Student: 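Sharing a structure here in structure tokens format.
In what follows, residues are counted from 1 in the order of the sequence shown.
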Amino acid sequence: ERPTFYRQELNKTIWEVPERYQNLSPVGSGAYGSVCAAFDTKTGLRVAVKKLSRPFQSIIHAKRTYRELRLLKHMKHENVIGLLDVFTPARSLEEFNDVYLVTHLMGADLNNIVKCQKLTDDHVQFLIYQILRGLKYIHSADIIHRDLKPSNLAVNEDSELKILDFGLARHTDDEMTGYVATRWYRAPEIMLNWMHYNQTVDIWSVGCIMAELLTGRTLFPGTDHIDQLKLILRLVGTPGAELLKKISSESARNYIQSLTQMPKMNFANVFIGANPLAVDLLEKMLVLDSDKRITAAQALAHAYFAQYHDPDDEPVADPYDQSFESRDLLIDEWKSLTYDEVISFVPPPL
Ligand SMILES: CC(=O)Nc1cn2cc(-c3cc(NC(=O)c4cccc(C(F)(F)F)c4)ccc3C)ccc2n1
């Protein structure tokens with residue numbers, strides 16, 4: 001039942017894919033992989049095919065490959081990216097070297113929407129509602145996104161949203177340096193390595209995205225890590241004794257204590273004309289102490305989403321076994337586990 005594969009060179013990369021995928025066209029490249037737009041003749045869908053770059057070159061790369069495949073195979077929610085297909089041209093484990101992942105082709109992202117269109121409060125309500133509905137699902141599987149930003153949120157013509165991770169490069173220090181969107185939505189505990197972070201790092205990002213949908217502007221466009229921290233503390237206030245004790249890094253803790261103390265600002269005076277319910281929700285998401293930050297499940301029940309909230313239609317994920325994360329294996333073992341996952345893949349129904 002193995003399909004027939006055909007080969008083509010696209011931007012000095014050899015692509016070998018089943019015949020069902022036609023009109024391959026390059027849409028992106030990076031350290032982790034290359035992405036092509038294509039037409040799936042079997043389903044009639046416009047798809048995105050990601051060919052992973054050297055997926056088993058090191059233990060780190062082999063584990064990352066296995067990790068992404070496990071995660072994609074698990075995600076089954078209206079607001080989260082789904083795996084349409086996974087394939088390899090390899091006929092056996094011995095010849096296994098390449099992995100291709102297929103998802104829906106995404107049109108616009110949230111950055112394209114905020115660009116020329118000024119969003120109304122009802123539009124903001126619907127977009128944030130869906131992010132939180134998708135996050136509640138991601139978090140219920142004990143998965144932390146870590147990189148929620150407008151470019152990782154796909155929004156169709158009907159304002160239907162999906163959470164994705166379209167990143168193709170290594171999230172290095174250099175990539176996070178300066179006046180960069182890669183760091184503007186990051187929680188201060190992850191950006192400054194304050195302590196062992198939890199999934200509320202993602203709620204900080206939603207708060208940053210919501211503020212930007214409401215004003216059309218970046219909430220914390222820092223020119224560097226320290227300038228961004230100062231922009232944060234000006235709005236939310238400098239931390240109290242309770243939070244400083246939770247900063248496990250003595251160096252980071254010592255730096256914060258050197259700053260002049262500042263009170264939390266009045267958010268109604270920052271977000272002029274915004275719905276007072278939006279302002280209230282923003283104050284619950286943009287909390288410096290991650291332990292006190294509203295969760296996705298708590299946020300869906302907030303009065304700001306009264307028009308969309310349906311507790312009978314906000315599902316949680318099936319149990320997700322990620323015991324593999326603390327497993328020490330050789331490249332060939334991570335490869336064989338990846339291979340079993342490719343061959344056991346069951347496509348979703350129409
Ligand atoms: C115009 C256009 O459509 N361009 C486009 C489409 N693209 C699609 C992909 C793409 C991305 C993944 N991986 C993830 O999304 C991912 C990984 C980990 C966690 C999560 C989360 F679930 F936590 F979000 C999601 C798998 C397969 C493909 C094909 C990459 C770049 C891209 N560019």
Student: Hey, is the main chain of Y100 close enough, under 3.5 Å, to the side chain of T88 for a donor-acceptor pair?
Tutor: no

Student: What residues form a salt bridge (charged side-chain N to carboxylate O under 4.0 Å, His left out) with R67, not counting sequence neighbours?
Tutor: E325

Student: In terms of the angle between their ring planes, are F305 and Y129 parallel, tilted or perpendicular, with boundaries placed at 30° and 60°?
Tutor: tilted

Student: Any side-chain heavy atom of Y320 within less than 4.5 Å of one from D142?
Tutor: no

Student: Indicate yes or no: does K63 engage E68 in a salt bridge with an N to O separation below 4.0 Å.
Tutor: no

Student: Could you walk me through whether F324 and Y66 pass the ring-ring contact (aromatic ring centres under 6.0 Å, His included) check?
Tutor: CA-CA 9 Å; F324 74 86; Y66 175 77; 5.0 Å; yes

Student: List the steps, then state whether side chain to side chain donor-acceptor pair (under 3.5 Å) holds for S205 with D202.
Tutor: CA-CA 5 Å; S205 312; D202 290 334; 5.0 Å; no

Student: Only one of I209, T295, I203 forms a side chain to side chain contact (heavy atoms under 4.5 Å, CB included) with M285, so which one is it?
Tutor: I203

Student: With the threshold set at 4.0 Å, does a side-chain nitrogen-carboxylate oxygen contact exist between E189 and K246?
Tutor: no

Student: Return yes if a side-chain donor-acceptor contact under 3.5 Å exists between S159 and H123, otherwise no.
Tutor: yes

Student: State plainly whether the residues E242 and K292 are in salt-bridge range, i.e. N to O under 4.0 Å.
Tutor: yes

Student: In chain order, what residues pass the salt bridge (charged side-chain N to carboxylate O under 4.0 Å, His left out) check against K73, with sequence neighbours excluded?
Tutor: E341

Student: Taking NZ, NE, NH1 and NH2 as the nitrogens, is one of them in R133 or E314 under 4.0 Å from a carboxylate oxygen of the other?
Tutor: no

Student: Checking ring-ring contact (aromatic ring centres under 6.0 Å, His included) against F96, which of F87, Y339, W334 comes through?
Tutor: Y339

Student: Test side chain to side chain donor-acceptor pair (under 3.5 Å) on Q125 and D121 and set out the steps.
Tutor: CA-CA 6 Å; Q125 274 172 44; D121 186 59; 2.8 Å; yes

Student: Quick one: are the ring centres of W15 and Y6 less than 6.0 Å apart?
Tutor: no

Student: Is the distance between the ring centroids of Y185 and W204 under 6.0 Å?
Tutor: no

Student: With no hydrogens and no angle check, is any side-chain donor or acceptor of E283 less than 3.5 Å from a backbone partner on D280?
Tutor: no

Student: Report the residue from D224, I226, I232 that forms a side chain to side chain contact (heavy atoms under 4.5 Å, CB included) with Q228.
Tutor: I232

Student: Out of curiosity, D85 CG to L72 CG, how far, rounded to the nearest 0.5 Å?
Tutor: 12.0 Å

Student: Does one hydrophobic cluster hold both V206 and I144, with members joined at side-chain heavy-atom distances below 4.5 Å?
Tutor: no

